[PDB]
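In the block that follows, a single chain appears as structure tokens, in the form deposited in one PDB entry.
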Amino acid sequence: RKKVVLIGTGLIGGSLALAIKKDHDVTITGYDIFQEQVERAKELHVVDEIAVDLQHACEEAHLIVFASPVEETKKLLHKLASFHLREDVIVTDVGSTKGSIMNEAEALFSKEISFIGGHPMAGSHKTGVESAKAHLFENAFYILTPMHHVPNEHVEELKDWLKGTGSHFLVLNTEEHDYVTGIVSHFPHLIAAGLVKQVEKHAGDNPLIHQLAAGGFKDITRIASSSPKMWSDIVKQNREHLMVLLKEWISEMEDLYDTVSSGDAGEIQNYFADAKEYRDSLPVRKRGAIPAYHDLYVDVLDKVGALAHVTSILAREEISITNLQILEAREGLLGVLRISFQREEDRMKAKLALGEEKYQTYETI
């Protein structure tokens, strides 16, 4: 009945189209600058039609989704502003940054058009539409950044359009999105590339260095092999946030130099202990975690089948697990399994079920 236009029919666009058709009877018209991709999307029933005219498809659309790169989306929003769109249209994107997009949207569309920025924290550009899946974004954070004027009810309509994603939707202001993604995603990319560059500089002086960088060092710097073109565009789009963070990092490295140079075993130990305790605690369940969840800690032995037996007991009781991880918080073979549940009642059933099987459990550690 309703019409969706999808601009950029890759892995991300295609997976959104599949998530949408999962929960909605809609015609999806695909548009892509790479003709072969959209053709392939129509061949795979990811889209129902290929856009003959971009204007024509857009002017009949209830929903317009940009899955194009941020720089391309910015350019097309101008075109979108010159069209006569439906009164009820929702427009959204999938960009890794939101500041520049939302600046352009506010300048072009304010009050008239429901533009809501988006950022699904799953997927890649390493494959195309051939590997698209309705569940690509299942239990991924999906950040939405409504323009200042967009009523709460339009944001709920978009979450409804996208309910088939099974994403944890978070509504943030634009600055907050770029601030938080600057710290947890963009900044590590700068440091990963810097670590590789420092090893590369010394590799000239000793040939052993390239060989000893296999394994863990390669694993730690994984994100340094991501697209230089894409990451240079993100650094440009989030430049001011990253400049503030780099200046604070340099100050932190100068304090770390003073700690190391002082040789005080106490101070250095505290520095490693603080980092270990914070990292081990992630994610830190708080009051304001929008997806509210409930933790059970279980003492488990490091042996074949330990996790198999725990998960088998919870599955037989029809308890869904939202997350789990192992903490090395004991002395020998004993480890702690942290299990997260959506509902308090699931945690309670899990505690009872494991208690009857003679497991030690706790609700705080």
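The numbering used is simple: start at 1 and walk along the sequence shown. The term rigid core refers to the maximal set of C-alpha atoms that superpose within 1.5 Å between the two forms.
Another form exists, deposited in another entry; not displayed. Remarks below refer to it.
- Taking the core as reference between this form and the one not shown, the lone member of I191, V235, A134, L172 whose Cα moves by 2 Å or more is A134.
- Core-superposed comparison between this form and the one not shown: the C-alpha position of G215 differs by less than 2 Å.
- Comparing the forms between this form and the one not shown on their rigid core, the Cα displacement of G117 stays under 2 Å.
- Shown in the overlay between this form and the one not shown, fitted on the rigid core, is a CA shift at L44 of 2 Å or greater.
- Between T127 and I191, the C-alpha separation shrinks by 3 Å or more in the other entry, relative to the conformation displayed.
- Relative to what is shown, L190 and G123 are closer in the other entry; their C-alpha atoms differ in spacing by at least 3 Å.
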